[PDB]
Each structure stands twice: as C-alpha cells, then as structure tokens.
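Report on one structure; see the data block that follows.
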Amino acid sequence: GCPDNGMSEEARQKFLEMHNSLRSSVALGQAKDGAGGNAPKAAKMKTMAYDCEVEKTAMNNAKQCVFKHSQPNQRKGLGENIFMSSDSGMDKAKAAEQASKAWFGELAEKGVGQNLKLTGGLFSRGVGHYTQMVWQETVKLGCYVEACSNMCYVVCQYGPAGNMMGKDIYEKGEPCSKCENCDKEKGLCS
Ligand SMILES: [Zn+2]
C-alpha cells in the first residue's frame with residue numbers, strides 16, 4: 001500500500017505486529033509491571049492499523065537526522081515515539097524490533113502501576129513511550145527508519161495522539177468486556 005520510499009515492507013510489518021502483540025499482552029494481563037505485579041487488564045484495547053500518511057510525517061522527522069521530537073504542527077493530530085542506536089547500518093526490521101522493545105520496556109523497568117490516569121508525576125517517570133504504544137484510542141501507526149551518519153534513527157507516529165494529560169491510558173477491565181467486535185484470543189477490539 002505504501003510508497004517505495006526507503007522503508008521496507010518487512011520493517012512496516014514488524015512495527016505493526018510488535019505494537020499489536022504488545023498491546024495484546026497488556027490487555028490480557030500478561031505484561032510485567034516494575035511497579036509490582038502485572039499491568040491491569042484492558043476492557044477495550046483497540047487493534048492498530050498501519051497508515052502510509054502517518055508514515056510520511058514520521059519520515060519527515062527521521063529524514064532530518066536530528067534526534068528530536070517534532071513540533072505538533074509537523075505531525076498534526078499525532079503522537080510520536082523516537083529511538084536511536086549507534087549502529088547506523090542496522091537492518092531496518094531489526095531496528096523496528098529494538099525500538100519497539102525499548103519503548104515497551106519502560107513498563108518493566110520504570111513502572112506504571114494500577115492507576116492509569118496520565119498525570120504529570122506519571123509522565124515525568126519516563127514512561128511516555130510505553131503509554132503511547134498501549135494508548136487505547138490510538139489506532140493508526142506509521143514509522144520510518146533512517147540510517148544517519150552516526151545513528152540509526154527510528155520515528156513512529158500515532159493517530160489519534162495519545163498521552164493526553166488527565167486521561168486514562170486505557171479503560172480497565174476484562175479483555176473484550178467493553179467490545180462488540182472482539183478478537184477474544186488476543187483481547188483486542190477491531
Ligand atoms: Zn519522548
């Protein structure tokens with residue numbers, strides 16, 4: 001579906017499968033939380049789809065080769081996770097895997113806890129990459145991997161944007177319990 005723009009179908013596939021699989025693990029109650037025990041079960045965790053236009057704005061960040069969050073106006077209505085590795089020539093699907101693990105690892109390493117309301121104390125804990133990956137209402141994913149001179153630079157963008165101050169990361173409860181369209185094996189809503 002997407003343009004022949006330097007991004008591989010293998011990396012796109014890896015991004016999307018990694019996000020949905022890790023959203024599923026959270027939703028089912030299987031994700032270890034460094035605050036204690038596991039992340040709570042999610043009532044209506046939505047499945048993500050790959051979006052070539054979101055990819056295009058992630059690309060506009062990655063292609064500049066500066067490790068930096070974009071301004072909202074450069075990614076209107078989108079959230080953003082960024083990652084770098086010093087291995088410039090890394091295979092792009094390997095880089096998709098490493099970045100997705102790095103972001104998700106905020107939950108095991110730093111902790112979130114049972115209270116999922118996104119407060120300033122929570123944001124400052126350094127878990128904002130993990131919260132954007134598992135943000136319930138975020139349903140579109142687009143990413144780009146750029147080989148720069150001194151880094152492999154990975155940007156993923158997310159629509160609608162997550163990490164809204166004051167809102168819950170996701171609604172807690174039994175997997176699929178607030179879903180009419182459910183994949184009961186993954187605990188994801190379609
Ligand atoms: Zn960040």
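Just so we're on the same page: first chain in the structure tokens is A, next is B, and so on; residues restart at 1 for each chain, and ligands are numbered from 1 in the order they show up.
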
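When the distance limit is 12 Å and only C-alpha atoms are what count, the residues near residue 123 (chain A), minus those fewer than 2 positions from it on the same chain, are residues 106, 110, 111, 112, 116, 117, 118, 119, 120, 121, 125, 126, 127, 128, 129, 130, 131, 132, 163, 164, 165, 166, 167 and 169 of chain A.
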
Residue subset to file, keeping C-alpha atoms, as a PDB file, in the first residue's frame:
```pdb
ATOM      1  CA  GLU A 106       9.518   1.444  30.241  1.00  0.00           C
ATOM      2  CA  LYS A 110      10.340   2.097  35.411  1.00  0.00           C
ATOM      3  CA  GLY A 111       6.884   1.020  36.454  1.00  0.00           C
ATOM      4  CA  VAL A 112       3.423   2.333  35.815  1.00  0.00           C
ATOM      5  CA  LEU A 116      -3.623   4.671  34.619  1.00  0.00           C
ATOM      6  CA  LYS A 117      -4.632   8.328  34.670  1.00  0.00           C
ATOM      7  CA  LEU A 118      -1.913  10.222  32.861  1.00  0.00           C
ATOM      8  CA  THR A 119      -0.725  12.758  35.488  1.00  0.00           C
ATOM      9  CA  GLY A 120       2.493  14.892  35.464  1.00  0.00           C
ATOM     10  CA  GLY A 121       4.037  12.693  38.153  1.00  0.00           C
ATOM     11  CA  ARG A 125       8.645   8.862  35.482  1.00  0.00           C
ATOM     12  CA  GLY A 126       9.843   8.360  31.931  1.00  0.00           C
ATOM     13  CA  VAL A 127       7.092   6.004  30.685  1.00  0.00           C
ATOM     14  CA  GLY A 128       5.637   8.139  27.876  1.00  0.00           C
ATOM     15  CA  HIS A 129       6.886   5.846  25.115  1.00  0.00           C
ATOM     16  CA  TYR A 130       5.177   2.779  26.638  1.00  0.00           C
ATOM     17  CA  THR A 131       1.910   4.766  27.267  1.00  0.00           C
ATOM     18  CA  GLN A 132       1.702   5.895  23.672  1.00  0.00           C
ATOM     19  CA  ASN A 163      -0.598  10.867  26.183  1.00  0.00           C
ATOM     20  CA  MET A 164      -3.416  13.446  26.702  1.00  0.00           C
ATOM     21  CA  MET A 165      -2.942  14.972  30.201  1.00  0.00           C
ATOM     22  CA  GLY A 166      -5.589  13.787  32.673  1.00  0.00           C
ATOM     23  CA  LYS A 167      -6.976  10.903  30.502  1.00  0.00           C
ATOM     24  CA  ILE A 169      -4.100   5.246  29.125  1.00  0.00           C
TER      25      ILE A 169
END
```

Considering only C-alpha atoms, return as a PyMOL selection string whatever protein or nucleic-acid residues lie within 7 Å of residue 176 (chain A), sequence-local ones (same chain, fewer than 2 positions apart) excluded.
-> chain A and resi 43-44+174+178-179+182+184+187-189

Next, the residues of the selection above should be written as a compact mmCIF listing (two decimals), in the first residue's frame with N, CA, C and O atoms.
```txt
# COMPACT_ATOMS: atom_id res chain seq x y z
N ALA A 43 -10.21 -3.42 29.06
CA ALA A 43 -11.58 -3.68 28.60
C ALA A 43 -11.85 -3.55 27.13
O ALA A 43 -12.78 -4.21 26.59
N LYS A 44 -11.08 -2.70 26.47
CA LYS A 44 -11.34 -2.40 25.06
C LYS A 44 -10.13 -1.82 24.39
O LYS A 44 -10.18 -0.72 23.74
N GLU A 174 -12.00 -6.63 32.16
CA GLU A 174 -11.84 -7.90 31.43
C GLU A 174 -11.70 -7.67 29.94
O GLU A 174 -12.44 -6.84 29.37
N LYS A 178 -15.70 -4.45 27.08
CA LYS A 178 -16.45 -3.33 26.52
C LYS A 178 -16.37 -3.23 24.99
O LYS A 178 -16.41 -2.14 24.44
N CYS A 179 -16.31 -4.41 24.34
CA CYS A 179 -16.22 -4.55 22.89
C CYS A 179 -17.24 -5.45 22.27
O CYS A 179 -17.44 -6.58 22.72
N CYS A 182 -14.79 -8.23 18.99
CA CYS A 182 -13.61 -8.60 19.69
C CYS A 182 -12.87 -9.79 19.16
O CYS A 182 -13.46 -10.75 18.72
N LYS A 184 -11.21 -12.43 20.74
CA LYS A 184 -11.15 -12.95 22.15
C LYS A 184 -9.84 -13.68 22.48
O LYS A 184 -9.43 -13.75 23.65
N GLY A 187 -7.54 -10.45 23.02
CA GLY A 187 -8.13 -9.38 23.89
C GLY A 187 -8.10 -8.01 23.21
O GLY A 187 -7.94 -6.94 23.90
N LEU A 188 -8.14 -8.01 21.88
CA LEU A 188 -8.15 -6.74 21.13
C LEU A 188 -9.45 -6.47 20.38
O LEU A 188 -10.01 -7.39 19.76
N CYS A 189 -9.88 -5.22 20.41
CA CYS A 189 -11.11 -4.79 19.71
C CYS A 189 -10.75 -4.36 18.30
O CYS A 189 -9.71 -3.75 18.08
```

In chain A, what's helix (DSSP H, G or I) per DSSP? Answer as an NGL selection string?
-> :A and (9-27 or 52-62 or 72-74 or 92-104 or 106-110 or 120-124 or 128-133)

Polymer residues at most 7 Å from residue 26 (chain A), only C-alpha atoms, same-chain spacing of 4 or more positions, as a list in words =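 The contact residues come out as residues 22, 30, 31, 39 and 41 of chain A.
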
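Counting only C-alpha atoms and all ligand atoms and comparing A:103, A:77, A:34, A:16, the residue that lies closest to ligand 1 is A:103.
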
Name all residues at most 7 Å from region 92-100 of chain A (count only C-alpha atoms; drop same-chain ones fewer than 6 positions away) and give them as a list in words.
-> residues 10, 11, 14, 15, 18, 83 and 145 of chain A

Check the smallest atom-to-atom distance from each of A:75, A:101, A:68, A:140 to ligand 1 using only C-alpha atoms and all ligand atoms, then report the winner.
-> A:68

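Minimum atom-to-atom distances from A:65, A:59, A:82, A:42 to ligand 1 were compared using only C-alpha atoms and all ligand atoms, and the lowest value belongs to A:82.
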
Residues at most 12 Å from residue 148 (chain A), counting only C-alpha atoms, excluding those fewer than 2 positions away in the same chain, as a PyMOL selection string?
-> chain A and resi 62-67+84-90+145-146+150-154
